[PDB]
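Participant:
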Amino acid sequence: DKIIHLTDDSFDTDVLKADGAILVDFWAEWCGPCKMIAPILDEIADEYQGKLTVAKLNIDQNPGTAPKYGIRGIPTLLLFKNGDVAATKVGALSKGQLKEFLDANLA
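Below, the structure written as structure tokens:
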């Protein structure tokens with residue numbers, strides 16, 4: 002619904018050319034922690050509408066994008082502000098932990 006579903010072709014447009022903040026989630030289907038945080042990312046899209054947009058890129062279906070941001074470990078949450086990484090979070094975390102990360106880097 003409110004979450005952008007990225008591909009390798011849509012990443013520049015959806016992410017790098019966006020006028021505002023976008024939380025990108027680099028994930029895969031076999032990754033248990035990625036699946037842990039997925040419903041938390043749905044809640045965050047709701048609570049932070051007007052402040053931020055959530056986007057997801059699946060690194061198996063789209064294998065070109067991840068090695069440009071040096072990703073070696075999933076889930077990796079990267080926060081962008083007009084196309085530049087502001088903040089990096091590696092591994093699973095809770096709703097409250099993710100909020101705290103957002104509130105402090107939304108800045």
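Take the sequence shown: its letters are residues 2 to 108, numbered as in the entry's author numbering.
Don't be surprised by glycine CBs; every beta carbon is placed ideally from N, CA and C.
#1: Quick one: what's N59 bridged to in DSSP?
#2: If you measure between the beta carbons of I72 and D43, is that distance less than 8 Å?
#3: Based on Cα-Cα distance, which residue from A46, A108, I75 and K90 lies nearest to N59?
#4: What whole-angstrom Cβ distance do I41 and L78 have, given they're in contact under 8 Å?
#5: Counting only the same chain and skipping the five closest in sequence on each side, list residues whose C-beta sits under 7 Å from that of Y49.
#6: Run the CB neighbour count on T8, radius 10 Å, all protein chains shown included, and call it buried at 16 or more, exposed below.
#7: What do you get for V55, buried or exposed, if any count of 16 or more other CB atoms within 10 angstroms of its CB means buried?
Facilitator: The short version:
#1: Answer by DSSP bridge pairing, in chain order: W28.
#2: Not in contact: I72 and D43 (Cβ atoms no closer than 8 Å).
#3: Measuring from the Cα of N59, the nearest candidate turns out to be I75.
#4: Not confirmed; about 10 Å, so no contact.
#5: Once the five neighbours on either side are set aside, the close Cβ partners of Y49 are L103.
#6: Answer is exposed; the Cβ neighbour count stays below 16.
#7: Result: buried.
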